[PDB]
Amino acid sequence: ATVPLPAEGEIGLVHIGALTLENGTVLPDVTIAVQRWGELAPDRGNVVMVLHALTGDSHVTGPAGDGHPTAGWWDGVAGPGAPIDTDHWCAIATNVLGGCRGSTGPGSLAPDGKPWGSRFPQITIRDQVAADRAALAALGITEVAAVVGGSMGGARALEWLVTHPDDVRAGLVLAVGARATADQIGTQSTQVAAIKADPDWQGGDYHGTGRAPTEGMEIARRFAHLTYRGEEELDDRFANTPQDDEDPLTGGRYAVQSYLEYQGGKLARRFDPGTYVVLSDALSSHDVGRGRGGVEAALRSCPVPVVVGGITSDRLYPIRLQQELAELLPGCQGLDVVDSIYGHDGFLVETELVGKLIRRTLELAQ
């Protein structure tokens, strides 16, 4: 028999065996964590793959419960009558390859019984697509109706569409470019440098030592969070106001500073530094044109119907990038402009508008 799907909402661990990675390294004994919502159709033809971003996991939707400290990262997107209507669709999400919430990553044990750490291979977005395709195949699923994702999830979705157009009926590519830009690599590589600068990094082999480079990751996340915001919205929310009763003139904090310190600590309580490094390097690797004659050739090659969404105020994946995708993907009918003040984080915060784009995508999937 195939590997059974987990019960609705529960985590299933799908063992896919060795994975030959794009750089030629063979990564042995890979496990991919899966969650799903909705029944799989008798014909197995109704799967909607939900692809999480840098710090997301398989927990797309649902409340904080046992195993899940917080609500789903796209809470409400999948369910009865929801944008992914689970009365008709089977929503499946993995924890990405390199992750820390059930899938093989740097904190996982290597063959030698020690955490991978510094021995974890450099993975690409294409390696993440291969791990997900292999997990689905083990569950008896060889094609999907659609792929949906924003940010790193949009890079995963775009590689899935360009690499395997015969095995996807439609896609949502939201708030990403065709390749990593210089600014993205610059902030990603410097975020990684902040983690590696922390003396508790221990060369990436901190797993199990009782010390971890959480301080360097909090620094990385504070800078990333600024890239995720709309500049004007951030100033309208916080301006130069002090935090509560503190006096910045005598060494107290500003409200925006306190908010960033809080965002850092929240990530430190739920996310592994080594995964942050591996997935940041996979984002820097992103390039749908590699080995295919460049981005224009690779996008023009892809005939799949695609909804391309970009956020007007996005500072990290500026809308010029989504205009490029919309112009070159022949299955794209035009750029869907998400006119939002909330920056790149609009892909998480604008649930109503992102849900509209998901409904359009699932119409194209038929």
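Numbers for residues come from their place in the sequence shown, where the first is 1.
- For the pair 93-101 and 70-78, the mean Cα B-factor is higher in 70-78.
- Remark: stretch with higher mean C-alpha B factor among 143-151 and 206-214 is 206-214.
- Highest CA B-factor among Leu51, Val307, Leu40, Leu321, as stated in the entry: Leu40.
- Placement of the Cα temperature factor of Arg270 within the chain: middle third of the modelled residues, per the deposited record.
- For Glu350, the recorded CA temperature factor ranks within the middle third of the chain's modelled residues.
- Split the chain's modelled residues into thirds by C-alpha temperature factor. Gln333 is in the highest one.
- Among the modelled residues of the chain, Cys302 sits in the highest third by CA temperature factor in this PDB entry.
- Per the deposited record, the Cα B-factor of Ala110 falls in the highest third when ranked against the other modelled residues of its chain.
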